[PDB]
Amino acid sequence: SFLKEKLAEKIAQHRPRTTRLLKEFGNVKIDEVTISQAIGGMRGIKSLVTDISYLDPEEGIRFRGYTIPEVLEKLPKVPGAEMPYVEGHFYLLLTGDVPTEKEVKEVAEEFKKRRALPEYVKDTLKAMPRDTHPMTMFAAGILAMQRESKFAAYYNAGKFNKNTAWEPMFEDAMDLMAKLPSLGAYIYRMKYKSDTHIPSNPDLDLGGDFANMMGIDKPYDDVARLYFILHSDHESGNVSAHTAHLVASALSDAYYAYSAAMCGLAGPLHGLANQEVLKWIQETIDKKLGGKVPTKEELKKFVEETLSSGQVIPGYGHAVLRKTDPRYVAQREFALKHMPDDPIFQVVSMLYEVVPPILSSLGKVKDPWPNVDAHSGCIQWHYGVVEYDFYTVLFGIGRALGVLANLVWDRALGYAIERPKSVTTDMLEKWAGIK
Amino acid sequence: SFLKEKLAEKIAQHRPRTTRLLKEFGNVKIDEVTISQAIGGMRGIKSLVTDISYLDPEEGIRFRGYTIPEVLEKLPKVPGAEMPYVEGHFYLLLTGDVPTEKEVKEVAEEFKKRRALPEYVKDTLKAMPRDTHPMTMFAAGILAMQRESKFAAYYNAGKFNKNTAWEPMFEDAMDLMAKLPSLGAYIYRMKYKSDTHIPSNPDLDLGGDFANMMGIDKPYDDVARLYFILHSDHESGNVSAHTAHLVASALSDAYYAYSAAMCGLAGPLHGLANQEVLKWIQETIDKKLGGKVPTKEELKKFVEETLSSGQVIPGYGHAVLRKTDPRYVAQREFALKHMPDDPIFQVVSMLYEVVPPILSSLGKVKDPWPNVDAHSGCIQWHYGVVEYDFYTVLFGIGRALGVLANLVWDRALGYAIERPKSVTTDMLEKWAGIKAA
């Protein structure tokens, strides 16, 4: 494929840079580690390398150098629709290049060929109790398809070569990425839509076919394209991306690695904030504002009561972001266009205005600004995706774009097994000078 | 339970120490990060904290302060058998204390109550194609049981409290640990023993019942007890333990976390060395030594040919160990006792003698010494566990002892979400002085 050959070129150009940094500049110091950071989840330690995306604390995420407005502007659009082909964003994350129309169509055609779900995946999800959480089903579906791993068969056949290993990793990434939306849709239908299924439309792109198979009309196709692109990557240090990277570093294939990643994304501190924001807004509308859209005044003081009574505003704050999330901003622009009169959006909008000034005053949250999770839920809810637990599956579909691109590159550049060193509490006490 | 109350005491004593390190000494520097280390998988960076076990590069692994000879010596033994109750090792990893016989029996009784496998786990493994790799089945079985998570139900009911969160995590750890051997055995029977099943014996301990359900006679019960204890933990920085820790740090339950861990352990650079050693020895016996146990002389030069022709001796070397693995030594002592005349063991033994001197000369492997994976396979093979792919499942059963103990403590001590920062190649080039024009 043109995509694979393009990627081979980019790998040939990049490898010497990595070789040189190790050969000449291996010992250059880039950060330090404190007791606080070792105890506190490696917080802020610059210990990972990725080029897929980079999270700037001030500017937010850049994908392959580009801002979100730039990505949405430059990527080829689906005919008849507002948003880019998700396939085109995948091309960008893999290669660093904005694809031409011709180049995106080739990826879209390849995804059409690879998007069918193995029957045994459906068998497996049916054998799992139907009351199983959708993220458990999602991770299990990915894991079961490890049977098809080209990377694993390559390794098991004795063919491993450090120069060529990215190639079967790429094939697995294409196979998995093409299928994840269908897997998600299957779970949505089987759990929440009476277990009736809408067949894949082989003429639709990834995002369009996802909306089709979910059973949701235009413009949910664009909602999904946007959602997936925004959630595509957030560098490699987030729990889900890091988990994939870590697992793959032991030369586990992408099915093992991405299944593991979804186990991390399932975590309340990683994949739940969207639904927790939305629930909190819906409860606020109902209990604190008598079921009605409030004034800027009424909400301004509602916020202060929640804060001064010792509780968080959900969807505000972040481990790394220190300014407004540009992913949040893109969601906002979509909502302003398509659902300006939606009651829940109106509260989201007003929260944007009133909450940052207030959080800044108290000066206690290092990021007194919204992240995407403040915005995503009102859009999903508007279009009738009311099934909160499933929101994380949407995230998992999206995040695979960047993570699978990252795994291809980890193998391209021969990144070594991730294996830091542990220390005991005694050892920390020794270093601290405690007796 | 006495175990849970003992653990509660240990947590009460430990928490203030963690609080003090953060309050008073948070900014004390303990290490740095270089370009080499960021590119090279955080190699050597002291960025994780665990008390379950500590890997010394020279002395090897210590479990709660104790060496392997000490653990095997002090832990109560199963009556009529040579090796400790695995349950007693779990007590040690959880509490830091060597249990009395009374204390181990209480854990053994609790494991008996928790060991039955949900039928839907069997349903799920049957729906998965039978030609699925056993580690994929193993991870899937763990994952499916996420449905039963007490930690997840606790969280979902709005009950999360940073002081009490360890408690449902402990319950899940006990539930999962009790079941993992049965899950493993199920997979073994369904894939490799014609899909006939030997029922759990409710009077056997964890290791004994595992051998029972596998269909393997004494002394495989002791093989398993020893195997599981040796593989129990290797601090938190190994890929499988770290994966569990990382996933759980986002407050994912133990089923999500340990399933994720087995995805990592399945990796060729993590969970395959046992079977790769054994295959390489069996191929060596057959092709390079005409199906016969060689002389120290013949093997000494066979090694040099493999090395100087640009290939590794499997089961030698390590990311962190710089001396002989004491886990290897314990395996050796078992083999000397129980199978001194086994052809494959004899080659393993002779490799112990001849390979370190040679690897030291060439001075190219930072650890010119064996790890466990050099020894485990000849023991499994001797007792008729010929199914190479399954060896990693044995590892996964064992490693849960330390990893699940570690997750309970991560929650006890409120360890925060693991979230390091990424950098680009451009940024490394800037720091190196190649860029900034």
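What to note about this one:
- Counted over the protein assembly as shown, the DSSP beta bridges are approximately 75% antiparallel.
- Available extension along the chain between B:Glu58 and B:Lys126 is 19.9 nm, counting 0.36 nm per residue and deducting the alpha carbon span.
- Coupling constants for region B:8-23 follow from the phi torsions by the Karplus curve (6.51 cos²θ - 1.76 cosθ + 1.60, θ = phi - 60°), and in residue order they are 4, 4, 4, 5, 4, 6, 7, 3, x, 4, 5, 4, 5, 4, 6, 6 Hz; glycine and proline get x.
- For region A:369-375, 3J(HN,Hα) per residue [Karplus equation, 6.51 cos²θ - 1.76 cosθ + 1.60, θ = phi - 60°, Hz, x = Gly/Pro]: 8, x, 10, 3, 4, 5, 10
- Shape category assigned to region A:73-220 from the gyration tensor of Cα positions, a/c cut at 1.5: oblate
- Assigned charges on the beta-carbon of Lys, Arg, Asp, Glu; the protein assembly as shown dipole about Cα centre (debye): 880 debye
- Virtual spin-label span in nm between B:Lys301 and A:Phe302, 7 Å along Cα→Cβ: 8.7 nm
- Length gained on full extension, B:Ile198 to B:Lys323: 40.9 nm, using 0.36 nm per residue less the C-alpha separation.
- The residue list A:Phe302, A:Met83, B:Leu143 was ranked by how far each Cα lies along the charge dipole of the protein assembly as shown toward its positive end, using unit charges on Cβ atoms, and A:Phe302 comes out on top.
- Dipole axis of region A:329-394 (+1 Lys, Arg; -1 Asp, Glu on Cβ), positive-most option in A:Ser361, A:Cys378, A:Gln346: A:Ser361
- Distance cut-off 24 Å, percentage of C-alpha pairs in region B:1-106 lying past it: 44 percent
- Within a straight-line Cα-Cα reach of under 13 Å, A:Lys77 can be paired with the following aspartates and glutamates, leaving aside sequence neighbours fewer than 8 residues apart in one chain: A:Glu87, A:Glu101, A:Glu103, A:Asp205, A:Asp221, A:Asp222.
- Projecting the Cα atoms of A:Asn274, A:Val98, A:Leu428 onto the charge dipole of chain A, computed from C-beta unit charges around the Cα centre, puts A:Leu428 farthest toward the positive end.
- Database remark: amide H of B:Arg64 closer than 5 angstrom to the amide H of B:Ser53, B:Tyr54 (H placed geometrically; neighbours at sequence offset of 5 or more, or on other chains; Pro and chain starts carry no H).
- Inter-probe distance in nm under a simple model that places probes 7 Å from Cα toward Cβ, at B:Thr67 and A:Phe2: 6.6 nm
- Over 26 Å between alpha carbons, listed pairs A:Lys364/B:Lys421; A:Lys191/A:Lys337; B:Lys126/B:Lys193; A:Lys179/B:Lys126; A:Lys193/B:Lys159: A:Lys191/A:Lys337; A:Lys193/B:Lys159
- For A:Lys46, nonlocal amide neighbours, meaning residues 5 or more places apart or on other chains whose placed amide H falls under 5 Å from its own, are B:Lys421.
- Karplus-derived 3J(HN,Hα) values for region B:111-121, using 6.51 cos²θ - 1.76 cosθ + 1.60 with θ = phi - 60°, are 5, 4, 6, 10, 8, 5, 8, x, 4, 5, 5 Hz; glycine and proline are entered as x.
- Compactness of the protein assembly as shown, taken as the C-alpha radius of gyration over 2.2 N^0.38 Å, stands at 0.93.
- Rounded, prolate or oblate (a/c below 1.5 giving rounded, otherwise prolate when a/b exceeds b/c) for region A:384-425 by Cα gyration tensor: oblate
- Per-bin percent of Cα-Cα distances, region B:273-382 [5 Å]: 2, 13, 24, 27, 21, 10, 3, 0
- Evaluated with a Cβ-only charge set (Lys, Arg +1; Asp, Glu -1), region A:273-382 carries a dipole of roughly 240 debye about its Cα centre, given to the nearest 20.
- Taking amide H atoms as placed 1.01 Å from N in the peptide plane, the amide H of A:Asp253 has no partner under 5 Å among residues 5 or more positions away or on other chains.
- Tensor-based shape of region B:319-429 (alpha-carbon gyration tensor, a/c under 1.5 rounded, otherwise prolate or oblate): oblate
- Mean projection area, nm², convex hull over Cα of region A:302-350: 4.2 nm²
- The Cα-based radius of gyration of region A:342-397, divided by its Kirkwood radius, gives an Rg/Rh of 1.06.
- Think of each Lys and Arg Cβ as +1 and each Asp and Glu Cβ as -1; about the Cα centre, that makes the dipole of region B:300-344 roughly 220 debye.
- With 10 Å bins from 0: P(r) over chain B, alpha-carbon pairs, percent: 4, 20, 30, 26, 14, 5, 1, 0
A short reminder: the numbers here are calculations on the coordinates, not readings from a lab. Every residue, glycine among them, receives a Cβ derived from its backbone with ideal geometry; neighbour counts consider all protein chains shown.
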